[PDB]
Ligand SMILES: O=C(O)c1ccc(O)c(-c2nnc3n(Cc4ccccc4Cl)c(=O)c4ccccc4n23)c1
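Below sits a lone chain in structure tokens, taken as the form deposited without this ligand.
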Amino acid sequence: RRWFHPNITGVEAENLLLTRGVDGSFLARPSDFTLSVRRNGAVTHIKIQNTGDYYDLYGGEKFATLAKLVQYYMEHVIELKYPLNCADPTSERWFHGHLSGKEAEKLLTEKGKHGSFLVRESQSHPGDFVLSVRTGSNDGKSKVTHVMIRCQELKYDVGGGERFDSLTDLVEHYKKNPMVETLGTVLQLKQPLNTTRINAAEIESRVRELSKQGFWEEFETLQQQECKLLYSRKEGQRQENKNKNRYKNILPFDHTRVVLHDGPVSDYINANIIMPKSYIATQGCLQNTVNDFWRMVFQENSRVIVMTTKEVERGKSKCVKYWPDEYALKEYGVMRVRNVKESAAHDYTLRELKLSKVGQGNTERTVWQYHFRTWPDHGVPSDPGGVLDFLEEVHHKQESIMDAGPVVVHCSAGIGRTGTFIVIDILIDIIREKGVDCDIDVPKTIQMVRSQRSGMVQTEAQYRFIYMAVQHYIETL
């Protein structure tokens, strides 16, 4: 994941490839994203677009993450051979750039644990760097240790030994080969210092700091961590399952996927169980998946569905109508759905459905369909009010039903908009019950969700929207 450079211009990108690279060499960067590839001694740039639903390469295919886009094309003309590595530490969890000695010690004391480390721009020595580690309150059993990093001729060192190309090289080297103190203190770089974990009550202050862009820096630092969540999706690739996918490359992880037990390969659905109240993050239905969608709802005993998109957007199908018309009755394979009544609110439409297995009478249960419909075609809503009110209603309908299964959430690919609502709900559920006095970490919760379904929360727009949604809920609490 060293191939992504987040702070360079197309001119800098052209030099790098033509001078410090060869034919086949590549790199990605924001300009939307740009894929700069080297072909026959020349740089060829490519557009990568993200609407908030998926990653789109012009002429290429639709992907859940930037890492899988690069991975798919490093085996499948424009050739992707040698990634050109970035030496910039901006997108690194441990880097805190312009930071003071006491400001660093303050954070390592307040939030630090054993092996909690961070790198900063040297206060005293000009142009150099500082590695601060906490090995282990007021008992003196734990201590802060300052290791000077000398910057000389575009290379980094800790006063001796090897000279590294980037701070990233140095950090990853002393993480594997820890520095031993003169009296034997092992300077373990166990994990970087947590800074994103903030109290629920101090959200207005944190947003104010992130608005200074702070949200962009924090968002790409989380995108850097996506290569750590590249878990197997073997089932989605199986011949008989390729048609059951909206997008052949946006597949559910094998470990979290929903396995259909109803009964060749009738067990597949492009869906995942999200366990932080549980959820099912799925895509919009296809003609050949409608019956499977109802087989899932039945099996997992789901009583609430959250539709985050319209049936048709910008002239194309975002989710096929899988529910019968008002007052009508329909059979979807072995399932029978009755649209009891539709009630329209301003931001949504609620559909009271009655799902049951064909042949069995007591198998009937009410499935409340919440269809959100004021989400813009491109981007995120201006105000989080409508979304929050919707989710508040969804929670209380879910809470009212005894032994209810997971809340089914779905948009187009079921990763972007689906992920935004699920993350907003998980965070809002904490503040609801565990009050305003609890710790809220937005990128940790996203990463936890992303471990369960690829690409959950697609854009910086949605990332910021999650903070603005959380802030509002507290401000009105």
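Residue numbers here begin at 1 and follow the sequence given.
* None, 1 to 3, 4 to 9, or 10 or more: how many residues of the deposited sequence lack coordinates between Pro276 and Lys277? -> Per the record, 10 or more deposited residues are absent between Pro276 and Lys277.
* In the deposited sequence, how many residues between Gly263 and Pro264 have no modelled coordinates (none, 1 to 3, 4 to 9, 10 or more)? -> Per the record, 4 to 9 deposited residues are absent between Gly263 and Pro264.
* Determine, for stretches 355-363 and 296-304, which one has the higher mean CA B-factor as deposited. => According to the entry, 355-363 carries the higher average C-alpha B-factor.
* To do: Averaging only over Cα atoms, indicate whether 59-67 or 448-456 has the higher B-factor in the PDB entry.
  => According to the entry, 59-67 carries the higher average C-alpha B-factor.
* To do: Tell me which of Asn245, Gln398, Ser124, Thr309 tops the list for C-alpha B factor in the record.
  => Largest recorded C-alpha B-factor: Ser124.
* From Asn288, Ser100, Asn249, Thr256, residue of greatest CA B-factor -> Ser100 has the highest C-alpha B-factor of those listed.
* To do: Within this chain's modelled residues, let me know which third the CA B factor of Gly435 belongs to: lowest, middle or highest.
  => Highest third - that is where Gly435 ends up once the chain's C-alpha B-factors are sorted.
* Going by the recorded CA B-factors, say which third of the chain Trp216 sits in, lowest, middle or highest. => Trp216: CA B-factor falls in the highest third of its chain.
* To do: Using the B-factors in the PDB entry, rank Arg29's C-alpha atom against the chain and give the third, lowest, middle or highest.
  => Middle third - that is where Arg29 ends up once the chain's C-alpha B-factors are sorted.
* Asked: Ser412: which third of its chain by C-alpha temperature factor?
  -> For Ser412, the deposited C-alpha B-factor lands in the lowest third.
* When the modelled residues of the chain are sorted by Cα temperature factor, does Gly379 land in the lowest, middle or highest third? -> Its C-alpha B-factor belongs to the highest third of this chain's values.
Keep in mind that the form deposited with this ligand bound is missing from the display, and what follows is about it.
* Asked: Though only this chain appears here, would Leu230 touch this ligand in the deposited complex if you measure heavy atom gaps against 4.5 Å?
  -> Although this ligand is absent here, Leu230 would touch it in the deposited complex, with heavy atoms inside 4.5 Å.
* Could you confirm whether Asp403 comes within 4.5 Å of this ligand in the deposited complex, counting heavy atoms only? => Although this ligand is absent here, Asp403 would stay clear of it in the deposited complex, with no heavy atoms inside 4.5 Å.
* Asked: Any of the heavy atoms of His76 lying within 4.5 Å of this ligand in the deposited complex?
  -> Result yes; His76 sits at the interface with this ligand in the deposited complex.
* Do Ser116 and this ligand come within 4.5 Å of each other in the deposited complex, heavy atoms counted? -> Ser116 lies outside the contact set for this ligand.
* Asked: Of these, 283-291, 243-251, 317-325, 156-164, which stretch puts a heavy atom within 4.5 angstroms of this ligand in the deposited complex?
  -> Heavy atoms within 4.5 Å of this ligand in the deposited complex occur in 243-251.
* Quick one: from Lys81, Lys234, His378, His255, grab the residue that has a heavy atom within 4.5 Å of this ligand in the deposited complex. => If I apply the 4.5 Å criterion carefully, the residue I get is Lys234.
* Of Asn85, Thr109, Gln71, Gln188, which one comes within 4.5 Å of this ligand in the deposited complex, counting heavy atoms only? -> Filtering the options by heavy-atom distance leaves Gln71.
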